[PDB]
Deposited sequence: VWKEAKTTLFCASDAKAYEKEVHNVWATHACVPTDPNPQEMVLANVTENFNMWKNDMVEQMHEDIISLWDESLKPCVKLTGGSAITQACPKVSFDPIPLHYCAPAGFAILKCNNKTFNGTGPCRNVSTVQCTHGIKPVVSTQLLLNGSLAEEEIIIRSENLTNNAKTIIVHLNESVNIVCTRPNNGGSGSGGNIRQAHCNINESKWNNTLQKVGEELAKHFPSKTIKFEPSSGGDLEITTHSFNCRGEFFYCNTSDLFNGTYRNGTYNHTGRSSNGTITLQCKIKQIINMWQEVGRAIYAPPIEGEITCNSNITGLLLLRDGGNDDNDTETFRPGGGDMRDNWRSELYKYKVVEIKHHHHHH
C-alpha cells in the first residue's frame, strides 16, 4: 500500500472541468515512459481487490464534487445549496503513478481475465491514460481488448457479483438531444451489435457450455441502473436499453429480439435533473438542459452484466469502481 499520484496532459488555459481539476490535482505527464519486461517472473493479481481502484474512485468523487456542483445536494436529511452553472465537460485521460520506492507491475498477458497468476509482467511508473467515464450498463471510451473478448468477474458462480465484458472491437453509439427539451435518442448500428453480441454469447457459452444464453433488460432498481445512464456535455442522459439487451444465443447461433429500423437500434432517452448520486447515498438536483444540439459520439468498449435450463444476463452497474476496474485490471502497485 501507498498513495499514488496522478499525471495528466491537462492544460491550465482550458476551462474544461477535467482540465481545471487535473491542473491543480495532478502533475505533468512523463514523455519518457520506461517499461521493463520480465518473462520469467510470475505474479498474482486480483482486480477486484485492487486499492488503485479505491484511490481513483476517491479522486473521481473529488473531481465531480468540485466540477459538477448541483443546485441542491440532498444527503442524510441535509440539503446543500450552491451555484450550479453550466460547464464544459469532456473527460480527459488520467495516469496513476507510484511514488519513489514503489513500482507498478503491469500484466502483459492479452488473455488475462484480471485474476490469478500472470507470468509475462512488466514494471512501469504510471498506468496508461484513463478517462473517468461515469456510466452504467455500457462502458464507454475505454480500452479495447487486444485479442479475444474477455469475461471478467470475481465469481462467475456468484450471480450477485458484476460481470465485466471486455470487448475487442468497439461498437459506436451516438446519443443526441437535437435542436420537449429533455427527450433524446441514441443510435447504434444493428449489424455490429449483432455480431459482437454473438461473439459475447460465444465467450459466455464457454463458461456455461444445456444452457441457452439470453440477453434481457434490467428488471428493477433506480433509473440510473435500469437504463444506460451517463453524462454528456454536463447533462445527465438516461437511455432505455429494452431494445438493446434483448436476444438469444442458442446452438452456437445469435438472434436479436430487440428492435431496429433501417438497420439501427435507437434508444429513447430523458435528460434528468434529479439524479441518484453514485459518489454516496443521496440525490442531486441540477439546472435544466442547455440550448442547442447536445451530442456525444462514444465507443462501447465493454459491458456490465448480472446473471439471474438456461442462464439470463441483464445489464447492470452503479458501482463506478467496476468502471475503474475495467481499466486497472492490468495494474498492481508493489514496493
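**Q** What gaps appear when the modelled C-alpha atoms are mapped onto the deposited sequence?
**A** In sequence order, the gaps with no modelled C-alpha are 1-5, 185-192, 322-327, 355-362.
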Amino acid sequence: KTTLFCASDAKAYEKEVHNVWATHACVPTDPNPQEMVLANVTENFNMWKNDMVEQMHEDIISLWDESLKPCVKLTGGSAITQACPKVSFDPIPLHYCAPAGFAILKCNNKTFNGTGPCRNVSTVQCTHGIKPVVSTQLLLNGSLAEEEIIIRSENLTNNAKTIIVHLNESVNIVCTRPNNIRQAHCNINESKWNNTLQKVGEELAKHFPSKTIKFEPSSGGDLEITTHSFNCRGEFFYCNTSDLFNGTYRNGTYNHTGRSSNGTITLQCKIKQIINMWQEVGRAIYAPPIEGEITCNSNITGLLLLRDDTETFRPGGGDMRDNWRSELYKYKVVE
From here on, numbers count along this sequence of modelled residues.
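**Q** Can you tell me which stretch has the higher mean Cα B-factor, 56-64 or 38-46?
**A** Looking at the record's C-alpha B-factors, the answer is 38-46.
**Q** Going by the mean C-alpha B-factor recorded in the entry, which is higher: 229-237 or 150-158?
**A** Averaged over C-alpha atoms, the B-factors run higher in 150-158.
**Q** In the PDB entry, which of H166, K73, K131, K110 has its C-alpha at the highest B-factor?
**A** That would be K110, according to the entry.
**Q** Out of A83, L139, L197, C118, which residue has the highest Cα temperature factor in the PDB record?
**A** It is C118.
**Q** Among the modelled residues of this chain, does the Cα B factor of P31 put it in the lowest, middle or highest third?
**A** Its C-alpha B-factor belongs to the highest third of this chain's values.
**Q** Against its chain's modelled residues, does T310's Cα B factor rank lowest, middle or highest third?
**A** For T310, whose C-alpha B-factor we compare with every modelled residue in the chain, the answer is the highest third.
**Q** Where does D319 sit by CA temperature factor within its chain: lowest, middle or highest third?
**A** Answer is lowest: the recorded C-alpha B-factor places it there.
**Q** Taking the C-alpha B-factors as the PDB entry records them, is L223 in the lowest, middle or highest third of its chain?
**A** Its C-alpha B-factor, which the entry lists for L223, ranks in the lowest third among residues of this chain.
**Q** Please say which third, lowest, middle or highest, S122 falls into when its CA temperature factor is compared across its chain.
**A** It falls in the top third of the chain.
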